[PDB]
Number of protein chains: 2
Amino acid sequence: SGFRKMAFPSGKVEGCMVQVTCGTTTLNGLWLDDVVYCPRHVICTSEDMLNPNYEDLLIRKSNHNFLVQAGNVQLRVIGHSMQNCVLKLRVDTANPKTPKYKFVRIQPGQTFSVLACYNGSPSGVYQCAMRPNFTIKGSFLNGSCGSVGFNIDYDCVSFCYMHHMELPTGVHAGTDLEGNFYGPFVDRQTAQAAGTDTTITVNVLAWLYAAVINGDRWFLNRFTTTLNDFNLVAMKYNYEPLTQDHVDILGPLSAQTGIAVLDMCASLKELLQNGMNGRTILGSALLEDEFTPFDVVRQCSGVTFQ
Amino acid sequence: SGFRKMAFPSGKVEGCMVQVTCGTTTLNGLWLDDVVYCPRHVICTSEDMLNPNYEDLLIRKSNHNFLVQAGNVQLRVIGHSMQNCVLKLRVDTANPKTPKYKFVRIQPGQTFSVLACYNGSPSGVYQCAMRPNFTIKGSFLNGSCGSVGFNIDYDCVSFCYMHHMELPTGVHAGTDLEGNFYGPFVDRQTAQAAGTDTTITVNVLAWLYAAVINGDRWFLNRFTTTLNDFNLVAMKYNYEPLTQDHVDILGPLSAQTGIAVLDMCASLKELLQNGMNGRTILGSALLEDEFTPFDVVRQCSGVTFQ
Ligand SMILES: *C(=N)[C@H](C[C@@H]1CCNC1=O)NC(=O)[C@@H]1[C@@H]2[C@H](CN1C(=O)[C@@H](NC(=O)C(F)(F)F)C(C)(C)C)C2(C)C
Ligand SMILES: *C(=N)[C@H](C[C@@H]1CCNC1=O)NC(=O)[C@@H]1[C@@H]2[C@H](CN1C(=O)[C@@H](NC(=O)C(F)(F)F)C(C)(C)C)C2(C)C
């Protein structure tokens, strides 16, 4: 029993982290096969960040201007190209620790593990969720760019995030591994702010199922509700609408615990209207929305990875 | 910026996890050099758990009765011995991925990362703390025994925990890597319950410093207090006494933020007496006590590991 914010094992991703240095700027890079992926603002000075012309700055750079270090070994760069907001540095050595991997673009509300790195070395791992406003609540400092977010399916590492910058209130924004930003953000040091965030409703319900699986059941009421009636209440308290797709994904947890999704919705409706009255669910005094239905099943049934 | 429950990178520990099978019981084992460490109740049937005579059960077993699998490769066992509540299985092959490591016994209040494993394969990683009642609030299922807790100092992995069993209310107990249980618990399926837990005061103060570093400063009051006056208030609300040693460890965070430890104690005294009045600190509606002063410095300054 027990329920904790569990991150994926980071070993496969650790064997891919390298250090990329251009001029005096240093950040992290991802070494898969014979290509290194890193944020494109490695070619920027501190003054270049206010208004960078990345196409102009990359012109003036050659292969030998990129210092790539994998541990105590320098990787010779033999080619470079820019795909949206990431650089692709072709090196003469393929990474022998390259795992089976994919490049995926996740949806808002989906979770992944972040391996925070500095100078190409891992500092820690934590679980995050793509917020509906296309930010993440992470923990990044200077030089953390290049750290990646990933999911693991059996032996395959699905890379879905690369850190680029921090937004006001201490939230973070980045791109997929193709350089495309999550949200309407740009890699430029200018005034940018995230949109108003909302609560991931399908993740709250899955976290309530995890509580019932663990015997924390005080919040279960005796009622049911209609998907429409629940969504009207959810709209008031800044909760995302619960679609029929979300109901289908919650099927396994509903069948395991014997509680219909609409019955758990009626229980959530009361919590939104009355609060928790000084009680906790799974030790938390607030409703949690960074566990997907798959995170609950994977943790409560002990799914392992090759 | 940002502050999250960060776990250590698990890569070094993943290369040490093996699967140990004896009869029909299967659990996890730690493979360091040419020795496999696993909980001793692997030699137990389900009926042997109510009253096991481990010395008697191990007599009846030989080296070939232990099936050790590292991936798809079986490790030949050439010797075995029991040290308190763990088995030491000597194998004919040294683990080539053995990291620089130590066996340490941590104190209550100190933190570490747990790599939850099943059948020798990692399922996830999370950060925990040794509670003052010598339990941990983890997430373990059937077959999770053998999963280890560890700290990483540069390139050295300090193993400090091995999971053995779950206690009422869903808390967990285990041993150090020498087989010695944390707390007055025994590896027997009989009525056992943890003592009443308390809040790790030095970890709460360090987590308040992390909030001030991150700009969350509404709780800072204008007062100071004496170590004695604070400890009387802390004793009322089931908080551990703050020793002078704890004050010295909080030195770096106090010098970084310019807030004396006794001033932060006066701020904590008001929070304990008035509550938080519907406000959050670092997004949490409750005071957090599973971040050591070192976890705060390591996260807020980005300490990496080799
Ligand atoms: C990469 N190493 C850093 C990681 C940052 C540093 C502090 N916390 C993080 O996550 N990324 C940057 O420094 C990026 C980058 C220039 C500036 N930047 C920012 O994150 C800035 N934010 C913004 O400008 C805003 F608000 F628009 F998002 C900063 C003010 C330093 C937080 C470039 C090239 C955009
Ligand atoms: C190792 N694979 C399991 C992990 C357990 C299983 C459920 N959650 C966990 O952490 N360890 C055990 O099954 C141990 C073990 C026998 C029984 N046991 C227990 O954890 C039991 N707890 C107790 O008996 C109590 F309350 F005294 F701690 C159980 C009732 C199954 C939770 C042995 C040899 C002690």
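Residues numbered from 1 in each chain as written, not as in the entry; some residues may be left out. Chains lettered and ligands numbered in written order. Heavy atoms only, no water. Residues with missing side-chain atoms left out of burial classes, pairs and counts.

- In the PDB header, X-ray crystallography is given as the technique by which the entry was determined, and 2.40 Å as its resolution.

1. Section: the overall build of chain A
In step 1: A tally of regular secondary structure across chain A gives 8 helices and 13 strands.
In step 2: For 306 residues, the compact-globule formula gives about 19 Å, and the C-alpha radius of gyration of chain A, at 22 Å, lands near that figure.
In step 3: C-alpha extents for chain A along the principal axes are approximately 70 × 45 × 30 Å.
In step 4: Contacts in chain A between residues at least 24 apart in sequence constitute 65% of all its contacts with a sequence separation of at least 6. (Helix = DSSP H or I, 4+ residues; strand = E, 2+ residues; numbered from the N terminus. Rg over C-alpha atoms; globule rule 2.2 N^0.38 Å. Contact = heavy atoms within 4.5 Å.)

2. Some points on the site of ligand 1
Residues and elements named next belong to chain A.
In step 1: With respect to spatial proximity, 21 residues lie near ligand 1, and among them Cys145, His163, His164, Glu166 and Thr190 are the closest.
In step 2: Between ligand 1 and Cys145, the relevant distance is 3.0 Å, taken from a nitrogen atom to a main-chain nitrogen or oxygen of the residue.
In step 3: Between an oxygen atom of ligand 1 and a side-chain N or O atom of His163, the distance comes to 2.5 Å.
In step 4: Protein chains bury 82% of the 690 Å² of accessible surface belonging to ligand 1 in isolation.
In step 5: In terms of residue count, the dominant contributor to the shell around ligand 1 is strand 12 (residues 156-167) (5 residues).
In step 6: In terms of residue class, the shell around ligand 1 is made up of 8 nonpolar, 10 polar and 3 charged. (Near = heavy atom within 4 Å. Polar contact = N/O pair within 3.5 Å; in protein donor to acceptor, adjacent residues only side chain to side chain. Areas by Shrake-Rupley, 256 points an atom, 1.4 Å probe, with all protein chains shown as cover. Nonpolar A, V, L, I, M, F, W, Y, C, P; charged D, E, K, R; others polar.)

3. Let's talk about the sheet that holds strand 2 (residues 25-32) of chain B
Residues and elements named next belong to chain B.
In step 1: The antiparallel open sheet is built from 7 strands, whose spatial order is 5-4-1-2-3-7-6. In this open sheet, the two strands that pair with only one neighbour each are strand 5 (73-75) and strand 6 (77-83). Averaged over all neighbouring strand pairs, the angle between strand axes comes to 30°, with direction disregarded.
In step 2: For strand 3 (residues 35-39) and strand 7 (residues 86-91), the ladder comprises 5 bridges, and the chain directions are antiparallel. From the neighbouring strand, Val36 faces strand 7, where its bridge partner is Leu89. (Pairing = 2+ DSSP bridges. Axes fitted to C-alpha atoms, helices over the stretch in contact; angles between N-to-C directions.)

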